[PDB]
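For reference, the structure discussed in these notes is given below.
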Amino acid sequence: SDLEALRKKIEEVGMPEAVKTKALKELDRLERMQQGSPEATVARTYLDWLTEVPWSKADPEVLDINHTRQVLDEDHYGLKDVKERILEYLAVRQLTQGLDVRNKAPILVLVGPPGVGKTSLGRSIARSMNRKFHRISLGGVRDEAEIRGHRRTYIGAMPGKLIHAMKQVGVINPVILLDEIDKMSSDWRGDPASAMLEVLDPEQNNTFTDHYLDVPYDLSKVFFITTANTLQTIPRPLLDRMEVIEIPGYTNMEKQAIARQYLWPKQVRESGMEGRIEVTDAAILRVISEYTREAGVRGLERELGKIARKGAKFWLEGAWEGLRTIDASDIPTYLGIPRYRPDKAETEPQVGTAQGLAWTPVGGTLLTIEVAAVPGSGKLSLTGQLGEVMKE
Amino acid sequence: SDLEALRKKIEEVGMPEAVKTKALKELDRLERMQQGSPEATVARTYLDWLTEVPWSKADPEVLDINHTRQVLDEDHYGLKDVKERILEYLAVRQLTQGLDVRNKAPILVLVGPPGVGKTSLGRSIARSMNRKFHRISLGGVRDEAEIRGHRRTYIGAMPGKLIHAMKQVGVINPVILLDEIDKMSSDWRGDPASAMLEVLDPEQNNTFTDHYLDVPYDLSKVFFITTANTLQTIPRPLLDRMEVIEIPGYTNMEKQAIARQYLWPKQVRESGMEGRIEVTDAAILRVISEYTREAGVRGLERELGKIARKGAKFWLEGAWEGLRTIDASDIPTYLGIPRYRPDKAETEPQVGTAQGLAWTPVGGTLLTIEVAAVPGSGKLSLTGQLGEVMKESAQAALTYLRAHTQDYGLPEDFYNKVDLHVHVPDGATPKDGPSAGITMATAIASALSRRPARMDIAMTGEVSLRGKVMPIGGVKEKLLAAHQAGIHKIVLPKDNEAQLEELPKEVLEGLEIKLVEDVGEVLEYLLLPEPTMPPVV
Amino acid sequence: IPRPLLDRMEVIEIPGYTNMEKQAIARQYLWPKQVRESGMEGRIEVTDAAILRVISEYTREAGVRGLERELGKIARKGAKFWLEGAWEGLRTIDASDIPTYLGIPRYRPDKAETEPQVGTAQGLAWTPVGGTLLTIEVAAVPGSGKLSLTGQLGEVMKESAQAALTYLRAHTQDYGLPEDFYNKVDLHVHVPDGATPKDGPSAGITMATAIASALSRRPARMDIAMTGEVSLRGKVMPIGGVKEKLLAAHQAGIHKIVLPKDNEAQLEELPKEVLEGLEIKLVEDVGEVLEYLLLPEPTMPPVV
Ligand SMILES: *[B]([O])([O])[C]([C]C1=[C][C]=[C][C]=[C]1)[N]C(=O)[C]([C]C1=[C][C]=[C][C]=[C]1)[N]C(=O)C1=[C]N=[C][C]=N1
Ligand SMILES: *[B]([O])([O])[C]([C]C1=[C][C]=[C][C]=[C]1)[N]C(=O)[C]([C]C1=[C][C]=[C][C]=[C]1)[N]C(=O)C1=[C]N=[C][C]=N1
Ligand SMILES: Nc1ncnc2c1ncn2[C@@H]1O[C@H](COP(=O)(O)OP(=O)(O)OP(O)(O)=S)[C@@H](O)[C@H]1O
Ligand SMILES: Nc1ncnc2c1ncn2[C@@H]1O[C@H](COP(=O)(O)OP(=O)(O)OP(O)(O)=S)[C@@H](O)[C@H]1O
């Protein structure tokens with residue numbers, strides 16, 4: 001009595017026409033082969049993964065950009081360029097009704113130094129665009145199975161993660177996130193970074209064929225977001241499928257705002273104090289200058305954590321009247337000795353030494369190139385752990 | 001009862017003789033096994049797999065080609081050679097009755113940098129001649145549960161993907177698109193890379209022996225097309241079976257025209273727009289020249305997209321009326337900041353330099369080679385991240401000049417009293433190849449001799465130690481890069497005069513190509529007659 | 001193959017075909033199959049040279065498949081022309097016709113130069129696909145005795161180079177060499193092309209011929225092609241791969257080969273038809289090579 005009840009489950013879901021028969025012909029193949037005999041499982045579970053995976057259900061998307069704008073502006077500061085590539089996307093589809101509403105979702109890749117908030121976009125963009133969301137942990141995957149599970153004839157027979165994802169979310173168009181897309185390998189023990197070439201291919205996405213199922217699934221309408229700290233290690237084909245979006249890294253003036261707006265209160269609101277302690281804008285720079293080198297702010301908040309936590313001890317031993325504004329002359333008492341000196345700038349004309357600029361993902365850095373000429377033969381030495389190209 | 005239909009179904013399709021008796025045998029083995037069992041299913045489905053696969057059921061061969069051509073053109077600009085490969089195929093079909101079909105007939109493999117249209121061709125070539133198409137994604141597949149399907153007795157079972165394609169397709173002559181065949185992974189465990197060896201083999205594939213359909217199948221008259229953006233990773237045997245076909249990327253003229261016809265209108269309709277905005281042709285050359293550093297279009301379309309997205313984001317913030325055109329002036333407003341440089345040909349005759357043409361898959365680059373001669377002791381220092389091959393070529397041309405010092409007006413004993421330095425800007429990007437020979441041979445001459453070298457003329461060619469000018473490779477992408485810069489004089493080795501017929505006839509009119517067979521002609525053609533600077537003294 | 005499977009067998013290698021075979025294996029086997037299959041019932045005919053070009057020019061593999069495909073392209077384009085134009089009988093495709101059908105060349109041939117030049121010799125070298133033809137050029141310019149070896153030479157050949165140079169440094173007067181070049185002339189040896197890496201000591205005497213010609217300023221004949229290994233005393237040593245080498249020379253038009261004495265054996269496996277076209281000299285001491293190669297009066301003035 002279950003199969004016919006399962007038939008109605010099949011009779012309504014989706015569905016692609018020929019796949020329906022390609023599915024019904026298996027249910028009929030399960031008319032016989034009595035429940036019992038082991039292959040019945042392989043057929044049954046197949047029909048489960050076949051029917052549970054969503055066909056023809058797209059979550060009604062939001063359409064007011066001004067609404068979504070301030071839903072983005074409430075969680076992440078700056079990143080104007082990223083927010084537009086979303087706003088532009090809505091303004092495009094909003095302009096489309098009746099015909100060609102959900103054609104494709106642009107596969108973005110977000111590249112930037114580790115310390116900025118990239119993996120926090122997908123967690124936020126979802127609520128913004130009001131779509132389902134399920135990140136895929138692709139940091140270190142080294143087996144061409146998590147993309148396409150092993151064939152249903154094997155003993156495990158579980159589809160790839162990219163279908164699990166489609167199952168967890170209920171809709172056909174979720175904002176699937178891929179974490180650190182460049183940590184995949186191309187060596188022995190598979191090379192999943194090559195399997196992706198079938199996934200992210202836009203004009204050929206809608207015919208994705210996992211190995212567990214044998215039916216072409218559709219991923220034309222799915223918002224693939226991609227993060228990668230660098231992009232000199234992405235296979236050249238992949239990088240020509242995605243869309244590069246430069247997550248720059250934050251300057252002090254922008255770093256300042258983030259602490260002031262988001263980072264500082266987020267800690268306080270999670271450290272008991274409802275405002276009984278406060279830091280001063282002028283003191284913020286000290287934590288930024290004398291205690292943080294990394295680009296971004298992951299390495300900035302955990303100094304506020306000390307500031308917040310040390311507030312507890314000083315409060316838990318004994319409270320005070322209202323707030324106690326921490327100022328610039330106070331941080332060394334909380335964060336201890338400054339662990340990153342500010343690089344001064346030399347101020348008189350010197351001999352054989354000139355000012356040089358050098359930049360890293362960490363940010364800008366001053367460099368004083370030093371030369372000294374001594375009487376001797378015709379030799380040139382290049383010390384200072386110089387790379388090869390600079391010597392040239 | 002119900003089996004009898006299936007029994008009647010066997011005689012209907014196909015069939016080869018031996019399998020027929022083989023089939024009826026197992027049917028007459030099935031028909032006497034009782035209605036469902038651990039043995040019925042593992043045998044019944046075999047027959048329901050023998051019947052569904054197509055036997056000797058095919059599609060016609062369209063003698064009409066003017067149609068088959070007039071459908072290919074509406075899908076892909078350029079690609080003239082691949083299109084011709086299909087025409088000649090149909091032309092053979094028209095000229096043949098009562099003989100083999102695919103006995104050594106094109107099992108194509110397309111090669112070319114990513115971004116060009118290869119995986120977007122199978123569906124086209126199928127629509128060209130009405131053959132039911134199917135894709136087989138193979139990038140990363142590293143097992144044998146594929147093409148050589150599992151044996152029919154394991155708890156589960158399924159034939160190989162290939163046999164599974166013939167089931168999914170309806171006929172015996174489909175167009176299978178073995179996508180990304182150059183990602184075959186030989187991570188120990190039976191890389192199929194060995195499995196295909198039987199399939200692609202143009203003479204033995206008519207007896208492809210699966211493990212589910214253990215009966216021999218003939219994939220002879222299938223039409224394989226496998227895309228692959230390299231060849232080093234393909235095993236040496238398997239590559240042989242295929243017929244390599246290169247796709248050399250696109251020029252600037254193609255990338256321009258291909259945008260006006262296919263790319264841009266494709267992006268308008270998807271962007272909600274219909275003709276509320278339209279770009280100007282020259283303002284696409286600006287997008288190709290400055291915002292695109294790749295052969296192909298899978299990157300270009302992502303620029304026209306952002307033009308369209310930005311072309312609609314405005315329509316909501318404020319509407320307008322009539323086609324809002326876009327020119328070069330307006331380009332940076334929509335896309336962004338110039339992300340690349342249109343390297344300009346620089347004209348005044350300089351001393352100790354020389355134009356140089358370098359080749360790269362993405363296209364040609366216009367290099368300038370700078371050489372300094374200063375008082376010293378002959379130490380020859382080569383910087384600019386030169387590769388090992390080029391360094392050796394540089395020493396060649398120099399060792400040539402030290403042998404003919406009197407001819408080109410060089411210092412008699414410069415070898416002993418002049419520190420010589422060669423620089424190839426820029427410094428970051430590594431360089432290699434020996435085609436830079438006659439470039440340096442000029443510059444080094446124009447350095448030691450103070451006769452400045454013209455830079456209207458851009459030269460290229462491998463130089464031997466005797467003074468012969470060897471031939472080089474990739475002359476088209478160089479001259480294309482040349483004309484785009486704005487140079488109309490080229491110095492070239494005789495043995496490359498053959499490869500001129502790939503340049504567009506348009507550009508060939510505005511090129512004063514010179515064919516030289518020895519470096520002596522070049523140094524007379526390049527160096528200005530009378531010196532202008534004092535020597536090293 | 002696992003050693004249990006390997007040893008319990010009779011390995012019978014298959015070498016890979018020679019061009020002399022291909023000009024025959026095509027006409028007899030591949031071409032007729034490829035014209036029937038093409039549907040062209042005999043409206044087309046290929047000739048020796050027309051095949052000969054396709055053998056060397058448009059093919060760089062020891063294997064008929066490569067050759068076979070091209071005939072498919074000659075067959076197809078031999079049919080696509082038919083629908084656009086008929087003819088009375090059949091059009092015998094000749095050598096000069098191939099580029100019209102099979103397009104622009106891919107691997108140009110290697111002509112055998114012809115006036116004797118200064119410091120030059122046509123060395124032979126073989127690679128699995130087949131023997132090639134490598135010239136060797138050397139430069140003598142007043143300097144500090146520097147030896148510069150370029151052309152992506154392998155470490156073996158560079159050592160063999162010094163060997164020949166050491167030999168001449170011993171027996172200066174015997175040949176026309178400047179007495180004190182070793183510390184006044186900088187010899188440079190270049191073996192084009194610059195891209196293709198080169199290895200192996202079998203080109204011993206050819207560098208000895210080239211280098212000696214340079215210092216002596218005497219021109220060296222190029223109609224002769226030589227090969228072999230050279231020792232310090234000058235004992236020319238035997239070298240393998242003769243069938244692939246001499247066969248490469250014959251096609252290039254060379255008709256005078258110089259071969260080590262010990263390699264008198266490998267002559268037996270060459271096709272007896274090609275031997276009579278070759279004048280093979282057997283040499284044992286490099287002195288017998290320099291004499292046979294060099295002209296007895298230089299043309300370029302000395303280096304000093
Ligand atoms: B030549 O061998 O065809 C040429 C060498 C060259 C030319 C001009 C300036 C420097 C070197 N080779 C190339 O074009 C190489 C690429 C190459 C190398 C070996 C074989 C084939 C092709 N070009 C470069 O090195 C290069 C560097 N940076 C940008 C673009 N090209
Ligand atoms: B010799 O060792 O038989 C000869 C060396 C040689 C000398 C001069 C020019 C080319 C080659 N060997 C070859 O021809 C080698 C193969 C070899 C190398 C080392 C030891 C034994 C055999 N082949 C090449 O170097 C070659 C072949 N084809 C093109 C380019 N190089
Ligand atoms: N503009 C911003 N304003 C405020 N907080 C921000 C901003 N950008 C990022 N963040 C914070 O950054 C954190 C998220 O950083 P992550 O995305 O986890 O680091 P990530 O570098 O993107 O991921 P990696 O590279 O794998 S460590 C959150 O605490 C965010 O609040
Ligand atoms: N005339 C054309 N030539 C090439 N590409 C075209 C043309 N017209 C449209 N395109 C599009 O350009 C893209 C070509 O890239 P594809 O062939 O699909 O990918 P690919 O060439 O296989 O590269 P890889 O190897 O898969 S990374 C597709 O999006 C096509 O729709």
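Chain labels A, B, ... are given in the sequence in which chains occur in the structure tokens; within each chain residues are numbered consecutively from 1, and ligands are likewise numbered from 1 in the order shown.
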
Exercise for the section: Write out as a list in words each polymer residue whose atoms come within 12 Å of residue 248 in chain B, counting only C-alpha atoms; drop sequence neighbours fewer than 6 positions from it. Expected result: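 My reading of the contact set: residues 78, 79, 80, 81, 82, 110, 111, 112, 113, 114, 115, 116, 117, 118, 229, 230, 254, 294, 295, 296, 360, 361, 362, 363, 474, 476, 477 and 502 of chain B.
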
Problem - Selection within 8 Å of ligand 4 by only C-alpha atoms and all ligand atoms, output as JSON, numbers by chain - result: {"A": [197, 201, 202, 203, 204, 236, 237, 238, 240, 241], "B": [75, 76, 77, 78, 79, 112, 113, 114, 115, 116, 117, 118, 119, 120, 121, 179, 180, 227, 228, 229, 258, 262, 263, 296, 297, 298, 301]}

File dump, residues just selected, N, CA and C atoms, as a tab-separated table (two decimals), in the first residue's frame:
chain	number	residue	atom	x	y	z
A	197	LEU	N	33.95	21.79	-12.70
A	197	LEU	CA	33.82	22.25	-14.07
A	197	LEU	C	32.47	21.87	-14.67
A	201	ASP	N	29.50	25.51	-14.72
A	201	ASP	CA	29.39	25.88	-16.13
A	201	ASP	C	28.01	26.46	-16.39
A	202	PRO	N	27.89	27.77	-16.55
A	202	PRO	CA	26.56	28.39	-16.60
A	202	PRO	C	25.69	27.88	-17.74
A	203	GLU	N	26.16	28.03	-18.96
A	203	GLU	CA	25.30	27.65	-20.08
A	203	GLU	C	25.18	26.17	-20.24
A	204	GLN	N	25.75	25.37	-19.34
A	204	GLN	CA	25.56	23.93	-19.37
A	204	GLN	C	25.32	23.38	-17.97
A	236	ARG	N	42.80	27.22	-13.98
A	236	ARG	CA	42.50	28.20	-15.01
A	236	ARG	C	41.11	28.05	-15.61
A	237	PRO	N	40.63	26.84	-15.91
A	237	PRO	CA	39.24	26.72	-16.36
A	237	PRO	C	38.23	27.25	-15.36
A	238	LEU	N	38.35	26.87	-14.09
A	238	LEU	CA	37.39	27.33	-13.09
A	238	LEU	C	37.30	28.84	-13.05
A	240	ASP	N	37.70	30.96	-15.08
A	240	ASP	CA	37.03	31.51	-16.24
A	240	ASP	C	35.57	31.10	-16.32
A	241	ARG	N	35.05	30.46	-15.28
A	241	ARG	CA	33.62	30.24	-15.15
A	241	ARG	C	32.97	31.19	-14.17
B	75	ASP	N	24.76	29.74	-35.11
B	75	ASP	CA	25.08	29.39	-33.74
B	75	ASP	C	26.49	29.78	-33.32
B	76	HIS	N	27.43	29.90	-34.25
B	76	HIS	CA	28.81	30.19	-33.87
B	76	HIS	C	29.49	30.96	-34.99
B	77	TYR	N	29.97	32.16	-34.67
B	77	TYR	CA	30.79	32.90	-35.61
B	77	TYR	C	32.19	32.33	-35.63
B	78	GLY	N	32.79	32.31	-36.81
B	78	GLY	CA	34.11	31.73	-36.96
B	78	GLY	C	34.05	30.22	-36.98
B	79	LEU	N	35.07	29.57	-36.42
B	79	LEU	CA	35.13	28.11	-36.36
B	79	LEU	C	34.96	27.50	-37.74
B	112	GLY	N	41.75	23.82	-27.28
B	112	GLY	CA	41.81	25.26	-27.29
B	112	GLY	C	41.67	25.81	-25.89
B	113	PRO	N	42.18	27.02	-25.68
B	113	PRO	CA	42.12	27.61	-24.35
B	113	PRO	C	40.68	27.77	-23.92
B	114	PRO	N	40.41	27.66	-22.62
B	114	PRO	CA	39.03	27.79	-22.15
B	114	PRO	C	38.51	29.19	-22.40
B	115	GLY	N	37.21	29.28	-22.62
B	115	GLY	CA	36.56	30.51	-23.01
B	115	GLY	C	36.11	30.52	-24.45
B	116	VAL	N	36.62	29.60	-25.27
B	116	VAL	CA	36.17	29.45	-26.64
B	116	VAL	C	35.04	28.43	-26.63
B	117	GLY	N	34.29	28.34	-27.73
B	117	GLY	CA	33.15	27.45	-27.77
B	117	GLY	C	33.44	26.04	-28.21
B	118	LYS	N	33.64	25.14	-27.26
B	118	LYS	CA	33.79	23.73	-27.56
B	118	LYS	C	32.66	22.91	-26.94
B	119	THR	N	32.45	23.00	-25.63
B	119	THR	CA	31.32	22.32	-25.03
B	119	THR	C	29.99	22.89	-25.50
B	120	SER	N	29.99	24.11	-26.05
B	120	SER	CA	28.78	24.68	-26.64
B	120	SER	C	28.67	24.37	-28.12
B	121	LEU	N	29.30	23.30	-28.57
B	121	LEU	CA	29.27	22.91	-29.97
B	121	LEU	C	28.54	21.60	-30.21
B	179	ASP	N	32.56	15.25	-22.60
B	179	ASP	CA	33.06	16.54	-22.15
B	179	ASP	C	34.31	16.36	-21.29
B	180	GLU	N	35.28	17.24	-21.51
B	180	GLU	CA	36.48	17.34	-20.69
B	180	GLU	C	37.17	15.99	-20.54
B	227	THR	N	35.76	17.42	-25.92
B	227	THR	CA	36.46	18.68	-25.69
B	227	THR	C	37.57	18.48	-24.67
B	228	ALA	N	38.67	19.20	-24.87
B	228	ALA	CA	39.82	19.10	-23.99
B	228	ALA	C	40.75	20.28	-24.24
B	229	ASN	N	41.08	21.04	-23.19
B	229	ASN	CA	41.82	22.29	-23.35
B	229	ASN	C	43.32	22.11	-23.17
B	258	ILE	N	31.79	38.88	-32.92
B	258	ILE	CA	31.04	37.87	-32.18
B	258	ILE	C	30.26	38.50	-31.05
B	262	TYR	N	26.17	37.71	-31.50
B	262	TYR	CA	25.68	36.72	-30.55
B	262	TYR	C	25.67	37.24	-29.12
B	263	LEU	N	26.84	37.67	-28.63
B	263	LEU	CA	27.01	37.92	-27.21
B	263	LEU	C	26.06	38.99	-26.70
B	296	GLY	N	38.90	33.85	-26.09
B	296	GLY	CA	37.57	33.33	-25.84
B	296	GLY	C	36.62	34.43	-25.41
B	297	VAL	N	35.45	34.01	-24.97
B	297	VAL	CA	34.40	34.97	-24.63
B	297	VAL	C	33.76	34.73	-23.28
B	298	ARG	N	33.98	33.58	-22.63
B	298	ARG	CA	33.37	33.32	-21.33
B	298	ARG	C	33.76	34.37	-20.30
B	301	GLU	N	31.57	38.04	-22.06
B	301	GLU	CA	30.15	38.15	-21.79
B	301	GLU	C	29.89	38.62	-20.37

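When the distance limit is 6 Å and only C-alpha atoms are what count, the residues near range 377-393 of chain B, minus those fewer than 3 positions from it on the same chain, are residues 392 of chain A; 396, 415, 416, 417, 418, 419, 420, 421, 422, 423, 424, 427, 430, 431, 432, 433, 434 and 437 of chain B; 150 of chain C.
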
Practice task
Return as a PyMOL selection string the full set of residues in range 42-247 of chain A whose backbone-based DSSP assignment is helix (DSSP H, G or I).
Solution key: chain A and resi 42-52+65-72+80-94+119-129+161-168+192-199+202-207+236-239

Practice task
Write down as an MDAnalysis selection string the residues of range 160-378 of chain B whose backbone DSSP state falls under strand (DSSP E).
Solution key: chainID B and resid 175:179 225:227 243:246 277:279 324:326 355:360 363:368 370:375

Practice task
For CA of residue 16 in chain A and CA of residue 58 in chain A, quote the distance in Å rounded to one decimal.
Solution key: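 Spanning CA of residue 16 in chain A to CA of residue 58 in chain A is a straight-line distance of 15.2 Å.
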
Handout entry: Distance filter 7 Å around ligand 2, atoms: only C-alpha atoms and all ligand atoms, out as a VMD selection string
Key = chain C and resid 123 to 127 131 to 132 134 196 to 203 239 to 241

Could you pull out the residues sitting within 7 Å of ligand 3, using only C-alpha atoms and all ligand atoms, and write them as a PDB file with N, CA and C atoms, in the first residue's frame?
ATOM      1  N   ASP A  75      24.178  44.699   8.581  1.00  0.00           N
ATOM      2  CA  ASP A  75      25.036  43.628   9.066  1.00  0.00           C
ATOM      3  C   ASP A  75      26.485  43.793   8.634  1.00  0.00           C
ATOM      4  N   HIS A  76      26.712  44.349   7.451  1.00  0.00           N
ATOM      5  CA  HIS A  76      28.057  44.509   6.921  1.00  0.00           C
ATOM      6  C   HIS A  76      28.277  45.949   6.489  1.00  0.00           C
ATOM      7  N   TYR A  77      29.398  46.522   6.908  1.00  0.00           N
ATOM      8  CA  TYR A  77      29.740  47.883   6.535  1.00  0.00           C
ATOM      9  C   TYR A  77      30.691  47.886   5.348  1.00  0.00           C
ATOM     10  N   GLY A  78      30.623  48.956   4.563  1.00  0.00           N
ATOM     11  CA  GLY A  78      31.443  49.034   3.370  1.00  0.00           C
ATOM     12  C   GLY A  78      30.973  48.038   2.331  1.00  0.00           C
ATOM     13  N   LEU A  79      31.926  47.506   1.570  1.00  0.00           N
ATOM     14  CA  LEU A  79      31.644  46.487   0.566  1.00  0.00           C
ATOM     15  C   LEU A  79      30.569  46.958  -0.404  1.00  0.00           C
ATOM     16  N   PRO A 113      41.883  39.057   1.426  1.00  0.00           N
ATOM     17  CA  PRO A 113      42.772  38.587   2.477  1.00  0.00           C
ATOM     18  C   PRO A 113      41.985  37.965   3.615  1.00  0.00           C
ATOM     19  N   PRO A 114      42.535  36.955   4.271  1.00  0.00           N
ATOM     20  CA  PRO A 114      41.832  36.341   5.401  1.00  0.00           C
ATOM     21  C   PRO A 114      41.806  37.257   6.606  1.00  0.00           C
ATOM     22  N   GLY A 115      40.614  37.684   6.995  1.00  0.00           N
ATOM     23  CA  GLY A 115      40.463  38.629   8.079  1.00  0.00           C
ATOM     24  C   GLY A 115      39.336  39.585   7.773  1.00  0.00           C
ATOM     25  N   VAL A 116      39.012  39.700   6.505  1.00  0.00           N
ATOM     26  CA  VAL A 116      37.806  40.384   6.064  1.00  0.00           C
ATOM     27  C   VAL A 116      36.657  39.406   6.228  1.00  0.00           C
ATOM     28  N   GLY A 117      35.429  39.903   6.149  1.00  0.00           N
ATOM     29  CA  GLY A 117      34.290  39.016   6.231  1.00  0.00           C
ATOM     30  C   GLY A 117      33.768  38.587   4.877  1.00  0.00           C
ATOM     31  N   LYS A 118      34.149  37.392   4.428  1.00  0.00           N
ATOM     32  CA  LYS A 118      33.624  36.832   3.189  1.00  0.00           C
ATOM     33  C   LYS A 118      32.569  35.773   3.472  1.00  0.00           C
ATOM     34  N   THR A 119      32.932  34.747   4.242  1.00  0.00           N
ATOM     35  CA  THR A 119      31.990  33.701   4.611  1.00  0.00           C
ATOM     36  C   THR A 119      30.810  34.234   5.405  1.00  0.00           C
ATOM     37  N   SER A 120      30.832  35.504   5.794  1.00  0.00           N
ATOM     38  CA  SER A 120      29.690  36.123   6.442  1.00  0.00           C
ATOM     39  C   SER A 120      28.716  36.738   5.452  1.00  0.00           C
ATOM     40  N   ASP A 179      32.966  27.189   0.526  1.00  0.00           N
ATOM     41  CA  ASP A 179      34.012  27.734   1.379  1.00  0.00           C
ATOM     42  C   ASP A 179      35.385  27.371   0.833  1.00  0.00           C
ATOM     43  N   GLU A 180      36.199  28.389   0.562  1.00  0.00           N
ATOM     44  CA  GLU A 180      37.606  28.211   0.215  1.00  0.00           C
ATOM     45  C   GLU A 180      37.762  27.265  -0.975  1.00  0.00           C
ATOM     46  N   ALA A 228      37.547  32.592  -1.716  1.00  0.00           N
ATOM     47  CA  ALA A 228      38.901  32.076  -1.881  1.00  0.00           C
ATOM     48  C   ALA A 228      39.864  33.180  -1.492  1.00  0.00           C
ATOM     49  N   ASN A 229      40.732  32.915  -0.515  1.00  0.00           N
ATOM     50  CA  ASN A 229      41.592  33.978  -0.006  1.00  0.00           C
ATOM     51  C   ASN A 229      42.536  34.492  -1.087  1.00  0.00           C
ATOM     52  N   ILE A 258      33.834  49.939  11.434  1.00  0.00           N
ATOM     53  CA  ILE A 258      33.350  48.626  11.739  1.00  0.00           C
ATOM     54  C   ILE A 258      33.422  48.365  13.209  1.00  0.00           C
ATOM     55  N   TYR A 262      29.731  47.967  14.406  1.00  0.00           N
ATOM     56  CA  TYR A 262      29.370  46.566  14.578  1.00  0.00           C
ATOM     57  C   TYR A 262      30.236  45.837  15.596  1.00  0.00           C
ATOM     58  N   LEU A 263      31.559  45.895  15.447  1.00  0.00           N
ATOM     59  CA  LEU A 263      32.427  45.008  16.214  1.00  0.00           C
ATOM     60  C   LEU A 263      32.360  45.301  17.707  1.00  0.00           C
ATOM     61  N   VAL A 297      39.385  42.407  10.053  1.00  0.00           N
ATOM     62  CA  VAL A 297      39.078  42.652  11.455  1.00  0.00           C
ATOM     63  C   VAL A 297      38.863  41.386  12.264  1.00  0.00           C
ATOM     64  N   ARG A 298      39.143  40.223  11.734  1.00  0.00           N
ATOM     65  CA  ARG A 298      38.961  39.104  12.615  1.00  0.00           C
ATOM     66  C   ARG A 298      39.938  39.361  13.707  1.00  0.00           C
TER      67      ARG A 298
END

Handout entry: Proximal residues of chain B relative to chain C (only C-alpha atoms; 9 Å) as a VMD selection string
Key = chain B and resid 85 87 to 97 99 to 106 240 to 241 243 388 to 390 392 to 393 395 to 396 399 to 400 402 to 403 413 415 to 416 433 to 434 462 to 466 470 495 498 to 499 501

Selected residues, C-alpha atoms, written as a short mmCIF file (atom, residue, chain, number, x, y, z; two decimals), in the first residue's frame, please.
data_model
loop_
_atom_site.label_atom_id
_atom_site.label_comp_id
_atom_site.auth_asym_id
_atom_site.auth_seq_id
_atom_site.Cartn_x
_atom_site.Cartn_y
_atom_site.Cartn_z
CA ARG B 85 34.77 19.06 -40.89
CA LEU B 87 30.31 19.45 -44.30
CA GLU B 88 32.86 17.01 -45.71
CA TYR B 89 31.32 14.37 -43.45
CA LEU B 90 27.86 14.88 -44.93
CA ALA B 91 29.38 15.22 -48.40
CA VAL B 92 30.80 11.73 -47.95
CA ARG B 93 27.44 10.43 -46.72
CA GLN B 94 25.79 11.85 -49.83
CA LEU B 95 28.41 10.16 -52.02
CA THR B 96 28.19 6.72 -50.38
CA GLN B 97 25.66 3.88 -50.65
CA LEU B 99 29.50 0.35 -47.59
CA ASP B 100 30.96 1.12 -44.16
CA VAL B 101 29.80 4.18 -42.25
CA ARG B 102 32.36 5.05 -39.58
CA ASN B 103 35.25 2.79 -40.57
CA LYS B 104 37.92 5.39 -39.70
CA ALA B 105 35.51 8.32 -39.64
CA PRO B 106 35.99 11.46 -37.55
CA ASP B 240 46.13 8.76 -31.05
CA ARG B 241 42.69 7.43 -31.59
CA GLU B 243 41.70 13.40 -34.40
CA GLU B 388 67.06 29.55 -19.98
CA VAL B 389 66.33 29.19 -23.69
CA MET B 390 66.34 32.92 -24.37
CA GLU B 392 71.29 31.07 -24.71
CA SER B 393 69.82 32.77 -27.77
CA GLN B 395 74.61 34.83 -26.24
CA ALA B 396 74.29 33.46 -29.77
CA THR B 399 78.79 35.69 -30.29
CA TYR B 400 77.77 36.32 -33.88
CA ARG B 402 82.00 39.45 -32.11
CA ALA B 403 82.81 37.48 -35.25
CA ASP B 413 87.67 44.84 -29.28
CA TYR B 415 84.30 42.03 -26.19
CA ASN B 416 87.02 42.88 -23.68
CA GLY B 433 61.47 31.17 -26.17
CA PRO B 434 64.08 31.66 -28.59
CA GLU B 462 65.25 32.90 -34.34
CA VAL B 463 68.88 33.59 -35.16
CA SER B 464 71.60 31.00 -35.60
CA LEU B 465 75.25 31.45 -34.77
CA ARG B 466 76.29 31.44 -38.43
CA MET B 470 65.67 30.26 -38.43
CA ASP B 495 60.74 30.03 -43.84
CA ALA B 498 54.06 30.28 -45.68
CA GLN B 499 52.00 31.11 -42.56
CA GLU B 501 47.66 33.03 -45.32
#
